[PDB]
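Single-structure report; data block below.
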Amino acid sequence: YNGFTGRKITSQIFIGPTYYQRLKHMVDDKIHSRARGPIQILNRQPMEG
DNA sequence: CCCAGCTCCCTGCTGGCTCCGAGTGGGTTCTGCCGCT
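Residue numbering for the first sequence follows the authors' numbering, beginning at 1029 and increasing consecutively.
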């Protein structure tokens, strides 16, 4: 049944228990932005990483 | 008035040099030291 309206879904749905894994890759360890931060000594371009 | 060097040019081979996808996240170790001057 659709949760929003309570109506049945016309097609029947394949459902059951499946072993799932949480991988170490999490968005909060990847998100990054920069607006004029530190720069390299030799060339004066933004730092890496 | 032919021939053997001699020169000059073209081929073919071998050796030498440069290049080898785009981003991104972590980790670790290493950046000298010893004999005797």
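We treat Cβ as the ideally placed atom computed from N, Cα and C, and that holds for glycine.
Quiz item: With a Cβ-Cβ cutoff of 8 Å, do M1054 and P1066 count as a contact?
Solution: Result no, Cβ atoms of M1054 and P1066 do not sit closer than 8 Å.
Practice problem: Please list, in chain order, all residues of the same chain as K1036 whose beta carbon is under 8 Å from its beta carbon, the five residues on each side excluded. | Solution: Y1029 and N1030.
Quiz item: Bridge partners of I1069, per DSSP?
Solution: Partner(s): none; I1069 has no beta bridge.
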